[PDB]
$ cat run.txt   # compact mmCIF, C-alpha atoms
# COMPACT_ATOMS: atom_id res chain seq x y z
CA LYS A 1 -26.31 -123.28 -42.74
CA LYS A 2 -22.73 -123.61 -44.27
CA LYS A 3 -23.36 -126.60 -46.66
CA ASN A 4 -23.46 -126.75 -50.52
CA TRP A 5 -24.41 -129.25 -53.32
CA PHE A 6 -20.66 -130.21 -53.43
CA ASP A 7 -21.11 -131.77 -49.90
CA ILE A 8 -24.54 -133.43 -50.66
CA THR A 9 -22.62 -135.92 -52.92
CA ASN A 10 -21.14 -137.51 -49.71
CA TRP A 11 -24.69 -138.22 -48.37
CA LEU A 12 -25.66 -139.82 -51.74
CA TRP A 13 -22.66 -142.20 -51.35
CA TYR A 14 -24.00 -143.29 -47.88
CA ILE A 15 -27.20 -144.73 -49.50
CA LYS A 16 -25.15 -146.02 -52.54
CA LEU A 17 -23.04 -148.17 -50.12
CA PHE A 18 -26.23 -149.89 -48.77
CA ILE A 19 -26.96 -151.13 -52.37
CA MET A 20 -23.45 -152.75 -52.50
CA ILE A 21 -23.72 -154.26 -48.95
CA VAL A 22 -27.25 -155.73 -49.49
CA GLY A 23 -26.48 -156.60 -53.16
CA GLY A 24 -23.90 -159.15 -51.81
CA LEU A 25 -25.63 -160.04 -48.46
CA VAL A 26 -29.10 -160.82 -50.04
CA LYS A 27 -27.63 -163.74 -52.13
CA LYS A 28 -25.26 -165.16 -49.39
$ encode --input "run.txt" --output "structure tokens"
Amino acid sequence: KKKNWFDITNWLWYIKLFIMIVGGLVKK
């Protein structure tokens, strides 16, 4: 609709955060 590639970078960060959260919660 009104979105661009410049806003898709925010969605990429959402999955990137899961790697940080599990990367520290898998070893705990």
$ axis_aligned_box --input "run.txt" --around "range 13-26 of chain A" --padding-each-side "6 Å" --output "JSON"
{"center_x": -25.9, "center_y": -151.5, "center_z": -50.5, "size_x": 18.4, "size_y": 30.6, "size_z": 17.3}
$ atom_distance --input "run.txt" --atom1 "CA of residue 21 in chain A" --atom2 "CA of residue 7 in chain A"
22.7 Å
$ atom_distance --input "run.txt" --atom1 "CA of residue 27 in chain A" --atom2 "CA of residue 12 in chain A"
24.0 Å
$ build_atoms --input "run.txt" --residues "range 3-18 of chain A" --atoms "N, CA, C and O atoms" --output "mmCIF file, in the coordinates of the input"
data_model
loop_
_atom_site.group_PDB
_atom_site.id
_atom_site.type_symbol
_atom_site.label_atom_id
_atom_site.label_comp_id
_atom_site.auth_asym_id
_atom_site.auth_seq_id
_atom_site.Cartn_x
_atom_site.Cartn_y
_atom_site.Cartn_z
ATOM 1 N N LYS A 3 -23.421 -125.485 -45.698
ATOM 2 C CA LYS A 3 -23.360 -126.600 -46.660
ATOM 3 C C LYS A 3 -23.621 -126.131 -48.104
ATOM 4 O O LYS A 3 -24.216 -125.069 -48.321
ATOM 5 N N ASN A 4 -23.224 -126.941 -49.083
ATOM 6 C CA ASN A 4 -23.460 -126.750 -50.520
ATOM 7 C C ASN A 4 -23.711 -128.090 -51.222
ATOM 8 O O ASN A 4 -23.415 -129.152 -50.667
ATOM 9 N N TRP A 5 -24.192 -128.060 -52.468
ATOM 10 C CA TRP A 5 -24.410 -129.250 -53.320
ATOM 11 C C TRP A 5 -23.154 -130.132 -53.455
ATOM 12 O O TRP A 5 -23.263 -131.357 -53.543
ATOM 13 N N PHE A 6 -21.963 -129.525 -53.404
ATOM 14 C CA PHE A 6 -20.660 -130.210 -53.430
ATOM 15 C C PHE A 6 -20.441 -131.140 -52.217
ATOM 16 O O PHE A 6 -19.660 -132.085 -52.307
ATOM 17 N N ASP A 7 -21.136 -130.915 -51.094
ATOM 18 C CA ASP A 7 -21.110 -131.770 -49.900
ATOM 19 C C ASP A 7 -22.283 -132.770 -49.860
ATOM 20 O O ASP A 7 -22.161 -133.837 -49.258
ATOM 21 N N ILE A 8 -23.402 -132.493 -50.543
ATOM 22 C CA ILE A 8 -24.540 -133.430 -50.660
ATOM 23 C C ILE A 8 -24.151 -134.743 -51.359
ATOM 24 O O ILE A 8 -24.698 -135.802 -51.046
ATOM 25 N N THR A 9 -23.149 -134.719 -52.245
ATOM 26 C CA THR A 9 -22.620 -135.920 -52.920
ATOM 27 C C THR A 9 -22.104 -136.999 -51.940
ATOM 28 O O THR A 9 -22.251 -138.196 -52.195
ATOM 29 N N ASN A 10 -21.574 -136.599 -50.772
ATOM 30 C CA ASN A 10 -21.140 -137.510 -49.710
ATOM 31 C C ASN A 10 -22.323 -138.290 -49.108
ATOM 32 O O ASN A 10 -22.231 -139.498 -48.895
ATOM 33 N N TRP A 11 -23.447 -137.605 -48.861
ATOM 34 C CA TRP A 11 -24.690 -138.220 -48.370
ATOM 35 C C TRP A 11 -25.243 -139.233 -49.368
ATOM 36 O O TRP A 11 -25.601 -140.337 -48.964
ATOM 37 N N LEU A 12 -25.254 -138.903 -50.663
ATOM 38 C CA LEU A 12 -25.660 -139.820 -51.740
ATOM 39 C C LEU A 12 -24.873 -141.137 -51.691
ATOM 40 O O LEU A 12 -25.460 -142.219 -51.755
ATOM 41 N N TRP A 13 -23.549 -141.050 -51.508
ATOM 42 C CA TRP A 13 -22.660 -142.200 -51.350
ATOM 43 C C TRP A 13 -23.033 -143.109 -50.160
ATOM 44 O O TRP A 13 -22.925 -144.328 -50.266
ATOM 45 N N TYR A 14 -23.534 -142.540 -49.057
ATOM 46 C CA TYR A 14 -24.000 -143.290 -47.880
ATOM 47 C C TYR A 14 -25.119 -144.284 -48.225
ATOM 48 O O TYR A 14 -25.074 -145.444 -47.811
ATOM 49 N N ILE A 15 -26.114 -143.856 -49.015
ATOM 50 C CA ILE A 15 -27.200 -144.730 -49.500
ATOM 51 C C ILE A 15 -26.683 -145.676 -50.606
ATOM 52 O O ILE A 15 -27.044 -146.852 -50.627
ATOM 53 N N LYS A 16 -25.787 -145.206 -51.487
ATOM 54 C CA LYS A 16 -25.150 -146.020 -52.540
ATOM 55 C C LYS A 16 -24.422 -147.246 -51.971
ATOM 56 O O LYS A 16 -24.547 -148.343 -52.515
ATOM 57 N N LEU A 17 -23.713 -147.085 -50.850
ATOM 58 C CA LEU A 17 -23.040 -148.170 -50.120
ATOM 59 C C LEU A 17 -24.011 -149.273 -49.676
ATOM 60 O O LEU A 17 -23.701 -150.449 -49.848
ATOM 61 N N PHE A 18 -25.196 -148.922 -49.163
ATOM 62 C CA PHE A 18 -26.230 -149.890 -48.770
ATOM 63 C C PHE A 18 -26.607 -150.838 -49.927
ATOM 64 O O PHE A 18 -26.742 -152.043 -49.715
#
